[PDB]
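Peer 1: Build me a structure from this.
(chains A, B, C, D, E and F, ligands or ions: 3)
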Amino acid sequence: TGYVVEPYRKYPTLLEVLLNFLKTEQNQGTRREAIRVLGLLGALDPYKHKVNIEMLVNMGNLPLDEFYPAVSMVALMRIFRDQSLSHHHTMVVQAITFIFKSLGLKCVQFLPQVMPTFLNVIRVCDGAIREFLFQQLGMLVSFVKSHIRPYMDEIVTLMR
Amino acid sequence: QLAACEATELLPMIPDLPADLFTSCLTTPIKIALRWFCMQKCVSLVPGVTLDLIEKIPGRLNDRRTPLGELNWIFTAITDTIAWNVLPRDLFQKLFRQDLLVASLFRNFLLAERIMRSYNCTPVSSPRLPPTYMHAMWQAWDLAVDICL
Amino acid sequence: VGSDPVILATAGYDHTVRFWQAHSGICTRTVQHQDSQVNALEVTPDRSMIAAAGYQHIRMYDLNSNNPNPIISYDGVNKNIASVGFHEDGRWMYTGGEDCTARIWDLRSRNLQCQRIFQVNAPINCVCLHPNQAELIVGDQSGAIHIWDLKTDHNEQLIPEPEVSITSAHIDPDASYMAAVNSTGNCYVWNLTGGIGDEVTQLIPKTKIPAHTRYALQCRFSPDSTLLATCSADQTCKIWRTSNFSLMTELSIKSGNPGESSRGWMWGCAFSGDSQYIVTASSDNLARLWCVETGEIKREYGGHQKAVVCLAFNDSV
Amino acid sequence: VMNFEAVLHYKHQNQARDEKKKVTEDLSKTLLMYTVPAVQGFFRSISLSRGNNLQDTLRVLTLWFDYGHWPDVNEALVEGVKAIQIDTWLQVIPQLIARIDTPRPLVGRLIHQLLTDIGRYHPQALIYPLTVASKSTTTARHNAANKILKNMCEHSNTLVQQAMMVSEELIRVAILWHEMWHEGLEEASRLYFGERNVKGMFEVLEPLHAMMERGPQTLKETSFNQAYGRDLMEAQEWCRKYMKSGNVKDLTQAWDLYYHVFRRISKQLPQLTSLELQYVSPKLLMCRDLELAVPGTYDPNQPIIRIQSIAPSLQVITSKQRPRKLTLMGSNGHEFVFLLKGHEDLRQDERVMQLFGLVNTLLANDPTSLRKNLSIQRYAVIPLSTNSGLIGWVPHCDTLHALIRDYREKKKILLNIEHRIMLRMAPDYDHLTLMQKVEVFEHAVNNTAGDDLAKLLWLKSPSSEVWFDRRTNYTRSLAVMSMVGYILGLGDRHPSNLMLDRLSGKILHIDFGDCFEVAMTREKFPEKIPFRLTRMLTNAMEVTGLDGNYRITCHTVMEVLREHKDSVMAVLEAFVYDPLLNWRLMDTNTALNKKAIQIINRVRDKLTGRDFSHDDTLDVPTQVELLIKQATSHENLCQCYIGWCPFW
Amino acid sequence: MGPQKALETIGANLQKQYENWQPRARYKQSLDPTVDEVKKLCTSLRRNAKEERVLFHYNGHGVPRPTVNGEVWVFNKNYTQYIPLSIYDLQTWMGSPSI
Amino acid sequence: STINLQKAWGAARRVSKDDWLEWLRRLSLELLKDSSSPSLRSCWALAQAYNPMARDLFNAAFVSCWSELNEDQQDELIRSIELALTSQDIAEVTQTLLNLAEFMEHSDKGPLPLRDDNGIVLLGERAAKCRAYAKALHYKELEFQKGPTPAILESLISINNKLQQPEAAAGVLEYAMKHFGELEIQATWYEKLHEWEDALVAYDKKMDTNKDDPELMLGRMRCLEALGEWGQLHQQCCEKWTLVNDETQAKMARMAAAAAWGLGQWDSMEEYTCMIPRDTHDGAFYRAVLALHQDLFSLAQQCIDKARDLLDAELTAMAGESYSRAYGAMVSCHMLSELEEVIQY
Ligand SMILES: Nc1ncnc2c1ncn2[C@@H]1O[C@H](COP(=O)(O)OP(=O)(O)OP(=O)(O)O)[C@@H](O)[C@H]1O
Ligand SMILES: [Mg+2]
Ligand SMILES: [Mg+2]
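Peer 2: Numbers count the residues shown, from 1 in each chain, chains lettered A, B, ... in the order given. Ligands and ions are numbered 1, 2, ... in the order given. Here you go, the structure:
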C-alpha cells in the first residue's frame, strides 16, 4: 500500500518498539524481518524523530551504601511486571525480602516503588505461587512495621 | 512520677493525634477528650459532628453555664468519682485532695490511661494506680459528651 | 632618612611606607598608612616631606624629622588619588583623581579646598609636570592626553591610539621629548616644540615603539635624558636609548622556569642622579637596584610582607 | 513587505531632505499610494499563515498605529479587521493595551472595537491585562480600560468578578503589612538620617498610616494591628505634632517607637518561611472551581485548564524581595506552580518574554538555525499590578550559583577561594586603581582553575552521548542569549540570575528588571560588559574554546536579528511609548519621552552595527568580535561588583 | 513556623496549659537545654521553694530514647551532640518533695 | 571471597564471538556471588536464571567487587581488561567494558588504573572502532587537557565532524592556526573538515613530490567519491593494482565498485566486489546488487537477508546509547529493504 514515514507520525512509538526487537529477540528470521520493516518504513531525519517523540547517575546522587540496594531494587522491579515473571516471580520476591531484612528501617524509602506493583501481582498471578507471595508480603509487613499503613486497604482487599 | 509509656513501648505516630499525647491529656484534657471522641466508631450515632465543629465549641473552662465549661465540670466530677470508687482511702487523699496541681494531674492522668490504651501505650505512675479504663463511670462521660455536642 | 643624599622609599598593599638606604639596604625606619593602600608616592622638591596618594586621602610624613605619623592630611577627593606632582619651588601639589578631576593643592596655606580644577571625561591616571612649571600633562582611561596651561586655562586634547587607557606619562628635564605609555604595550614619543615665551606647545609624532607584549605601566626619562625606562606587565623594565629608540638594556624578573604562573609585575622605576643605577618596584615584595649598563642586580630591598607598587627615588643637593 | 519597505524608503529618505508645510503633504500623497496596498496585502499573508504570523501581524500594527490617523488606511484596516480570524490578535494584546489611551482620535476607537471583540471571543485571554490597565494612575488609560471592562462585564460578569477578586487577593498575599512597614521604615530612616529630609519622610510613611486606617481585613493584619497598631498610631501623633510646632523633640519620641517596631519586625521576617493561606487571604482558601483560567495557561486551541483550587499554604523563598511559591491545582488535576513577586514591575518581563517569542519564531524559520535548536527558554509572566505579578516557575533548573556551591562543598573546595586569594594578596581589593586591580584579578585567575562548571556538567550527566548533547545545547543556548541579551541590553547577569536546565543543559536567564543599559549607567558599580562570558562559562564549552560553537552561533543569531530589525523594534516600541514603565530611566541621574527615545535609538544602533562607532557600519563577524573582547577583557571584568563573581 | 519561633511559642503554650490548673507558680521554662543549664535551673527552683513541691516536666521528642543505664538526653552548647543526663544527678539537683 | 573470582578474571584464551561473550557472562555472575553488599549477593540466584539481571547490575556489581580487592588483585584483573579490549573487538564486550570504564569515572573510586594514562589512549581508540564517537571525543579531549599536539587536533577535527558537528571542527582548526602556525600539514585535515577540493589539492601536491603510495591514493580516492567524480575515480583505480598490496585492495575495492556502478561498467564492478570480504555487510550488499543487474533473485534475496543478519550487530552496537548514531545503520537497512523492492519492481 505504500504507507511510509506517515506511520512514524500516527503510531509514533513504533521506532522504539522495533529497535527493542533487534536488541532482544534471539532469531535471525525475526531480527532479520525487523530490519525489512525499518527499511520499508524508511529512515528518519533524527530531528523528525525528536519532533515525533537514571542508572549511572543513580550512583552520582547517593553515597555507595545506599546505592547498591537502589540498583538491585530497580533491576528486580523491571522483571517484576508479568512476562518474565511467568517463571521468575519467586526469585525476585525472595531477593526483596532479603534486602529489607538486611536494611533495618532504612528499607522504608523503597516502599512506594515496590508495594503498588507487589499487590497487583497477587491479584494477577496464578495460585501455584499465591500462597508464597502472602508469606513474603507478611514478611515485608514485619520489617516495615507501621509505615505500611497507606497500603493497608489494598492488602485487606486482597486478603478478603 | 508520671510517665507516658511503659519501658518496652513506643508512643503513637498517628497523624490526627498530637505528638504531645501524654502531656496534652495531662494538661488539656477536654480538648483531646473531645477530639478522641470524634475519632471513635461512637460518632456513627452522632451525625453532623466533624473535628471542625469541636474547634469552635463555644464557652470556656470556668464559666459553668456554657457548653465547654459544662463538659469541663462534668469531666471533673467523673474523674474524681472514678478515683474515689477505685483507690483505697489513704491513697485517694494523698493524690486527689492534698494539693491542687497534683490532684489536677492525676484526675487527668485517668483520661490518659483510658486513651493511650487504645493506641497500645500504657502510662505509668509512681504511686501505682489500679486499672480504671473499664470503670463504668466512663460510659457516663461518653453519653454526657454525646448529648452535649 | 633625611640626611642620606639618596633618599629611597617604597610602598604598596602592606599598609607600611619603608625607608631603605642605597649602598647596603638596612631598613632605616617605617611608617604606618592604615585604612588604605598607597597608589603612588613622591618626595617634595626640597627633600622636606613625602606624599602617599591613598584611597580618598593624600597624607604627608616628615623625611627630615625622626619618627612621625602624618604632618598634613588632605581628603576631599571622593575616589583614588592616582598620581601626584610638586611645584619645584615647593608651594603647590598637582594631583590626579580617579574621579576625572586633575586638581591643584596649596601646601603652604592650609585650605581643605583645591585652588583650581581641570575636569575631563575618564579617570586621571598620570599627572606629570613639564620642567618650566607652567604646563601640566594629564592622561586618562580613554586615550586622551590633555595639555593644561596653568596660566592661560587652555586645554588641547590628543588621542594617539583610539580608546586605549594611556596608563602613565613623563616628560624629560631637557623639555626635548615627552613619552606617555598605554595599556596596549606601546610607548609613544612626542617631539617638543618648546613653548617657553610663546606657548606654541605643539607636539610632532616621532615613533611608536613596540615596547611590550602586555600592559606597559610606567615610563620615565633619566635626568641625563639619554634613557627612557618603561616598566610593564611582562615582569620587565626595558630601557630605551634616546637617539635610535633601540633596546639598550632589558631588565627582567622572570622565573627561568617553564611553570611559574606570574611571579608579579614590574610596577614602577626611577633613575639615579648619574643615571647608572635604575631602581625598580615589583608585585613580589622586592624593591631592587640595577646597573643600567649591563643589567646586574646590585641590591635587593626585601622587607615588605605583601606587594609593592610605587617608589620614591631622589637625587638632588 | 515590498510595499512596506517602499513606504519606509520615502518616509526615511524624506526626513533626510525635510529636517536636515507642503513637504509633509507631498509625502502624505506619495506614502499613501503604498501604505494602503501594504495593509491590504498583509491581511492576505496573515490569512495564509494562520498559526505562524507574529512577524506579519506586528507589521500591520506598525502601519495602523503610526499611519492610521489617515482615513484611507483606517478603511482598509477596518475591512481586514472584520475579515481576519479574531484568534490572530491574541498574540499581540500587550501592544494593543499599551496604545489603549492614544491621543489620536480615529485609531483609539478602532482599538476599542477590536478589544471589545477579543473580550467577546476568548475573554480569558484579556482580563489580566485589562485589570492592570484598570487600576492605572493616568486618566485616558484608566477611563478606557475600566470602560472596556464594563463592556466586557455582560459577556462574563461571573468571569470578571472572579478574576478581579483573585487578582486583588493575590496582591494582599504578595506583600504583607509588616513587609510594607519594614521597607517603608528603612527608606524613611535613609531620608531623615542620611539626607536630613523631613517632608519627603512623611510622604514615605503616611500612605501606610492611610493603609492601616482601613482596619484589619485579614487575620495576619489583625495580629499586626494587635501587636503594634498602637505604637504606630502614637508615632503618627508625634510626627503630626511636628507639623504644628516644628520641634525635633516631637520627632525623637516618634523615631523611638519607629525603630522599636522596625527592630521587632526585622526579628520576625527571617522566620516567616511559609504563609498559611487562611491567615493571610481567606477568599482564596474558600475558592473552589473558578471558571477563570490558571494564569498563563490560556490557549485558544486547547480546552481551558481552570483553577480547581489554590494550595492551602505558601512556601516563601528568602531573597531581597521574599517571593512566594504559590501553586494551583488546575482542573486537569495537576499542581501548577507560580512564583508571586512583590515590589517589582513585571511588565518588562512580560514584554521581554514576548520578544523571545519573536526570536524563537525568527530562528525556527531559518532552516540552517532550525536544525540547531537555537531556542530561548521562555517562562510565563502575568502581571497583577504595577507593583507585583506572577511568574511561571521552571522545572528541572538550578542557578549556577547553586550548582557551583553544591560541587564546591562536595569536593571540599572552600567556596570563596578566588575572592580569598585576591584578599590574601591585596587586603584592600575594592580600594585599588584599575591597573592595580587587574594585577590582583589575574593572580587569582592564574592560581585557581575554572573547571568547576565544565567538570560538574560531565559528573551530573549519565552517559557521554548525553553529556555531549547537554554541552552542545549549553554552548549554543548561552550564545543565543549573549546576542539577544546584548540587544535588549540586558544588564546584571550575575550567577544567581541565570540557571541551567539539568536535562537539556540549556541556559535560561531570569530577572529582566535591568534592561536597556540600566546597569551600565548606575552611579556605584557601573557594568562595562555586554554579557557575562566569563572564564568559567568559557571552560565548560568545547576545549578548543570560543571559536567553534559559540562564536559561530553568535553570527547565526546576529544575522537573523540585524535582518528583521523592524519586527524587533515594533515589539520594543510597546514598552517605550508606554509611559507607565519608563520611570525606570528617569532614575538614571541620582525628560521621559526624550529618554524613552534614547533607548530605541540605542537598540536601532545595535541592530545596524552603528553601536561602537556611530560613523562606521560594523559588519556582523566584526561587531561580534569587539563584543567578545569587551566581555572577556580583564579590565572590564574586574571593574564589576565583587558579588557579580567575575573570577568565575 | 521556622524553628526558633516554634520552640519559644511551645514554651508559652505549655506554660498557658499549666496556668489553668495552677496559676500561682513560677514557671521557668528551659528550651533545648544544655546539662549545665538544667543544673542551674533545678537547683535554683529548690532554693526558691525550699520545702515545698516542685514540678519537673520533661518532654523529649527531639532527643533519642532514654537508656537502660538511667540516662536521659539533653544537648550541648553548639547543638551538635545529644549529651546524656543521669537520673541520679537529676534527683540530686531536684529536692525530695517533687513530681 | 576472591579464589572463585580468579577463574573468570584472566580466562581470556578466547578466539570467536561466542568465546568472548561467554567470558563476559561468567565474569558478571562471578562478580555477583562475591560482591560484599548483601543487596547484590541476593540477585546471583536470579542472575543465572535470567541473564539481563547480571547484564544490568554488571557496572554496579563490578564496583562492589573492585572496592574490596588487593593491589595485586586489581592489576591482575585490569591486565585481563587491557587484554579484552586489545585482543578481539567484540561489540558487546568493548561496549560493556567502555561503559564500565565510563561508569568508573563518575565514581568516588577513581578511574580504572589501566596502562599509566588511566587508559585514555586505549579507550579512545576502541570507542572510535565501535562508532562510539561521542565517548571517543570525551577521551580525545582528555588527551588535549595534558598539552595538545597536531596529531590530537587532527583527530579531534575528524571526530567532531563524525558527530556532524562542523562548527566545533572549524573551531578546533582556529585553535591550530593560532598556536601551531607552522606545523599545518592539512592534506588529511581538509579531507576531515569536509573541504574536499582543498584536500584534493593537498593530495595532488603530496603525490607529485612523494611516490605512488597506497595511503595518499586511498585519501585522494576518498576525495573524488566525496566530490562525486566517477570518471576520475575509475582512472585512479585502473592504474594502481599490482603496485598496491592486497590489504589496501580490501579498503580500496569498495570505492571502486561504487565508481564502476556509477559509470554503468558492470564487468569492472564484478571484479571489484569479490575483493570485498563476504562476512562484512558491504560484500553481501554489492554481491546482491550485481545479482540484480544479472537477474538472479534467489541468490540476491539470500545475500540481502545475509547482509541483514550481519547488520544485526551494527544496529545492536549503535542505538544502545542514542538513536542519532544508530542512524548510519538505519540508512543501510533502508537500502536493503529498498533493494528488495527493486526485485519486486
Ligand atoms: N521563572 C523561574 N523559574 C525557576 N526559578 C526561578 C524563576 N524565577 C526566579 N527563580 C528562582 O528564585 C530565585 C529568586 O528569584 P528572583 O531573582 O526573580 O527574585 P528577587 O528577590 O528579585 O532576587 P534578586 O534580589 O536577585 O533580584 C532565583 O535565585 C531563582 O533561582
Ligand atoms: Mg535575582
Ligand atoms: Mg530581581
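Peer 1: Run through the residues that contact the residue in chain A that chain E sits nearest to.
Peer 2: Going by C-beta to the nearest C-beta, chain E is nearest to residue A:105 of chain A, at 13.9 Å. For every residue, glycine as well, the C-beta is placed using N, CA and C. When contacts are counted by C-beta atoms under 8 Å, 6 or more residues apart in numbering or on different chains, residue A:105 touches A:143, A:145.
Peer 1: make it 10 Å
Peer 2: A:143-145, A:147 (C-beta atoms under 10 Å, 6 or more residues apart in numbering or on different chains).
Peer 1: One more: residue C:305?
Peer 2: C:13-16, C:285.
Peer 1: just curious, which of those is nearest to chain D?
Peer 2: Using C-beta to the nearest C-beta, the contacts of residue C:305 come closest to chain D at residue C:13, 4.3 Å.
Peer 1: my guess is the closest one meets residue D:433, correct?
Peer 2: No: Residue C:13 is beyond contact range of residue D:433, at 11.7 Å (criterion: C-beta atoms under 10 Å).
Peer 1: Residue F:75 is in contact with residue F:66, isn't it?
Peer 2: No: here residue F:75 lies out of contact with residue F:66, judged by C-beta under 10 Å, at a distance of 11.9 Å.
Peer 1: These two: who's more crowded?
Peer 2: residue F:66 (19 against 13; other C-beta atoms under 10 Å in any protein chain shown).
Peer 1: Please name the nearest non-neighbouring residue to that one.
Peer 2: Leaving aside its sequence neighbours, residue F:66 sits nearest to residue F:109 (C-beta to C-beta, 6 or more residues apart in numbering or on different chains; 6.6 Å).
Peer 1: residue contacts, the one you found?
Peer 2: Taking C-beta under 10 Å, 6+ apart, one finds A:59, A:64, F:62-63, F:66-67, F:103 in contact with residue F:109.
Peer 1: How about stretch F:190-198 and chain D, any contact?
Peer 2: No: on the criterion C-beta under 10 Å from any C-beta of the partner chain, stretch F:190-198 is out of touch with chain D, staying 12.5 Å away.
Peer 1: sorry, back to before: are any of the contacts of residue F:109 buried, and which?
Peer 2: A:59, F:62-63, F:66, F:103 (16 or more other C-beta atoms under 10 Å in any protein chain shown).
Peer 1: among those residues, which two are most distant?
Peer 2: A:59 and F:66 (13.0 Å; C-beta to C-beta).
Peer 1: returning to that earlier point: out of the contacts of residue C:305, which are inside strands?
Peer 2: residue C:16 (DSSP state E).
Peer 1: Save the contacts of residue C:305 as CSV, and put in neighbour count and distance to chain F too.
Peer 2: Converted to CSV, the contacts of residue C:305 look like this (neighbours: other C-beta atoms under 10 Å in any protein chain shown; distance: C-beta to the nearest C-beta, whole Å):
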residue, neighbour count, distance to chain F
C:13, 26, 34
C:14, 20, 37
C:15, 20, 41
C:16, 19, 42
C:285, 18, 32
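Peer 1: now the helices: where do they sit in the stretch 151-300 of chain D?
Peer 2: With helices called from DSSP state H, counting those that start in this stretch, the stretch 151-300 of chain D shows them at D:157-174, D:177-189, D:199-212, D:219-228, D:230-245, D:248-266, D:277-280, D:282-286.
Peer 1: is it possible to export those to CSV including mean neighbour count and distance to residue D:538?
Peer 2: As requested, the helices of the stretch 151-300 of chain D are exported to CSV (neighbours: other C-beta atoms under 10 Å in any protein chain shown; distance: least, C-beta to C-beta, whole Å):
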stretch, mean neighbour count, distance to residue D:538
helix D:157-174, 19, 38
helix D:177-189, 18, 39
helix D:199-212, 15, 45
helix D:219-228, 16, 48
helix D:230-245, 15, 53
helix D:248-266, 16, 41
helix D:277-280, 18, 45
helix D:282-286, 16, 47
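Peer 1: okay, these in TSV with distance to ligand 2 next?
Peer 2: Converted to TSV, the helices of the stretch 151-300 of chain D look like this (distance: least, C-beta to the ion, whole Å):
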stretch	distance to ligand 2
helix D:157-174	17
helix D:177-189	17
helix D:199-212	25
helix D:219-228	26
helix D:230-245	31
helix D:248-266	22
helix D:277-280	24
helix D:282-286	26
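Peer 1: Out of those helices, which gets nearest to residue A:51?
Peer 2: Comparing these by C-beta to C-beta, helix D:157-174 comes nearest, at 35.7 Å.
Peer 1: Return the angle between stretch directions for that closest one and helix D:219-228.
Peer 2: 40 degrees (axes from the mean of the first three to the mean of the last three C-alpha atoms, to 10 degrees).
Peer 1: What's the separation between residue C:107 and chain B?
Peer 2: Distance, residue C:107 to chain B, using C-beta to the nearest C-beta, to the nearest Å: 78 Å.
Peer 1: returning to what we had before: angles on the backbone of the residue of chain A closest to chain E, please.
Peer 2: The phi/psi pair for residue A:105 (degrees, to the nearest 10) reads phi -100, psi -10.
Peer 1: so residue D:140 touches residue D:102, yeah?
Peer 2: Yes: in this structure, residue D:140 is within contact of residue D:102 by C-beta under 10 Å, at 8.1 Å.
Peer 1: Between those two, which has more neighbouring residues?
Peer 2: residue D:102 (19 against 13).
Peer 1: Most proximal residue of the stretch 1-150 of chain C with respect to chain E?
Peer 2: Closest point on the stretch 1-150 of chain C to chain E, by C-beta to the nearest C-beta, is residue C:34, at 35.2 Å.
Peer 1: on that earlier part again, for chain B, find the nearest of the helices of the stretch 151-300 of chain D.
Peer 2: helix D:277-280 (12.1 Å).
Peer 1: what sits against residue D:286?
Peer 2: Taking C-beta under 10 Å, 6+ apart, we find residue D:286 in contact with D:277-278, D:309-310.
Peer 1: And these, which is closest to chain A?
Peer 2: Ranked by distance to chain A (C-beta to the nearest C-beta), these are led by residue D:309 at 22.8 Å.
Peer 1: Can you work out which residues contact both of residue C:13 and residue D:433?
Peer 2: What both residue C:13 and residue D:433 touch, as defined by C-beta under 10 Å, 6+ apart, is the set C:37, C:309, D:439.
Peer 1: Which positions in chain B make contact with chain A?
Peer 2: Within chain B, the residues that sit near chain A (C-beta under 10 Å from any C-beta) are B:10, B:12-15.
Peer 1: Since that was my last question, I'll sign off now.
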